[PDB]
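The chain below stands alone and is given as structure tokens, in the form deposited in one PDB entry.
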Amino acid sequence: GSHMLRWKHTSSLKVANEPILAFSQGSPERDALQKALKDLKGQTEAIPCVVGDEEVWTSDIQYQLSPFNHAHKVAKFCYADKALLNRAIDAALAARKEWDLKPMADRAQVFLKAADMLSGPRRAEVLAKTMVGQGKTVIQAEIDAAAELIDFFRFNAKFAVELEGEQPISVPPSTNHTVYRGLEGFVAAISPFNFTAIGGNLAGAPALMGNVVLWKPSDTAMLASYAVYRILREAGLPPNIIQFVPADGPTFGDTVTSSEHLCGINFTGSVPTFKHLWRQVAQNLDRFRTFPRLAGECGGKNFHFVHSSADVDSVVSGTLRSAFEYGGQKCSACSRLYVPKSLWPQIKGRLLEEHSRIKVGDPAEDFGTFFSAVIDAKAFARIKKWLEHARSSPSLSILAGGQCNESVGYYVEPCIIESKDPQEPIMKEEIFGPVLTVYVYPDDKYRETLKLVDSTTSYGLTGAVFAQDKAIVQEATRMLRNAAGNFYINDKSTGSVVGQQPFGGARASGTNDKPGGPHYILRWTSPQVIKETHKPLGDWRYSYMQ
């Protein structure tokens, strides 16, 4: 009755959130970051595609510009052509079986080592590249390229190693065991400009689970994304496990959805693009060896709802941060504020006062900067068009800000707008800029207004309620159950922390796979169950048949 398959005990991992640094004057991290910023001034990095260990250049040359000084080309890179993408697929597939068979703990080690590199010796580098290339301030780069990315790597490693301990029941005469296989084929990872960490997670989490990946990073985050890629390779990621393949979006999607070996798309970006990819997979369903798994996070139109019992100062500070940090370029950013008439004079006064103190400028040169330029010319143009809409629309009034200037960087001042119409298009459409719209509701219609918060937009990502009345908090929490996948009581709608607020929402906001939580990795494994029976089978007949 000897067991021919032997299963080894699996270990556990102790991890904690990466501490956020203060960057106080005289601190080593402030000095190190200033040096790293200086190291990037006037520099352009030539960033190749990487397939296996080969640096590959195509003729389709592209540039990443510094958002706050667009004369500065921070990187020159190139778009992979269809030939290179297909070569990358073939090479990844040829490397997959060995990587998938590697113990989970050994794959995890790569990510734990990368996390330690990011935490210590490479922190200043990835922060500086995120600041200069994506226009983040010190603290926005810190929470993203350091803390969040590090946390994704450590927490997903923990969740993955511990997943192997989730095993079925065995009853004599048999032993049952679940093998957490990677997906058979390759995964396409498509990451956004606004968080360096998201690129690391979109490519990294599937790789952790035994997959091979073609990673198309965001053009406007290339410098920091490549830094992360190199760190993973230095941390021991073998060749052909993650292919670094910047590419034209449509071209990339066409190529990966045309491969019989596509097994997943891990996407963060626009609703229309996610839908397009979903439709391409559906169109090509007959060619795939298996059913591809699509994961998408697709944005929001997020709210701060204020009840008359709210702490005014908390509303003001939390809303200013949520609406304007990183120029409002977060899928979680507050863009609609609902205020009761009774509190509006106080809140309006405070918002306008604090608004006048917000500094917009160069985040590398002036650490006094609250936020800097938006990401690129396309974003600038879109935001400018909304500001013009606000000026023309009778129902919209600009209370503060409204200016923009793209002569040196893509600079947009923080803008506060009041709408008399809770259904105005500006209350519905995601702007991805520093543009806050306020709707003032009569206190006596708070319940009807909560229904409007829930029904006005197509999105379901984040939202906050500010209130100190328990009954109201309970009621609002029930009414807004599906209006936000990340819901906040007396805190701002942005700044989810890995392991604390797993992030994601439904409605138009995506598939809600909750990166940052313990279940996200399950999308990237296809379990097999093995039953070994240790005694001979008896007769095919059953006793009741006699």
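Residue numbers here begin at 1 and follow the sequence given.
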item	value
Selected stretch [higher average CA B-factor]: 226-234 or 463-471	463-471
Entry-level comparison of average CA B-factors, 385-393 and 72-80, reporting the higher stretch	385-393
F159, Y180, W278, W344, ranked by C-alpha B-factor: the highest one	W344
Candidate residues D60, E55, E45, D31, the one whose C-alpha B factor the record puts highest	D31
Relative C-alpha B-factor of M479, binned into the chain's lowest, middle or highest third	highest
Third of chain Cα B-factors occupied by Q403	highest
Third assignment of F152 from its chain's C-alpha B-factors	lowest
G504 - which third its CA temperature factor falls in, relative to the rest of the chain	middle
Chain-wide C-alpha B factor ranking for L13, given as lowest, middle or highest third	highest
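The same protein also has a form deposited with a small molecule bound, omitted here; what follows describes it.
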| item | value |
| --- | --- |
| Interface residue in the deposited bound form among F252, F159, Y439, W99, criterion: non-hydrogen atom within 4.5 angstroms of the small molecule | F252 |
| Answer option from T457, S191, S419, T449, heavy atom within 4.5 Å of the small molecule in the deposited bound form | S191 |
| Per-stretch contact check against the small molecule in the deposited bound form, the hit in 113-121, 88-96, 204-212, 266-274 (non-hydrogen atom, 4.5 angstroms) | 266-274 |
| Distance check, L461 to the small molecule in the deposited bound form, heavy atom within 4.5 Å | yes |
| Any non-hydrogen atom of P414 within 4.5 angstroms of the small molecule in the deposited bound form | no |
| The small molecule contact at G300 in the deposited bound form, heavy atom, 4.5 Å | yes |
| Exercise: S509 in contact with the small molecule in the deposited bound form, heavy atom 4.5 Å | yes |
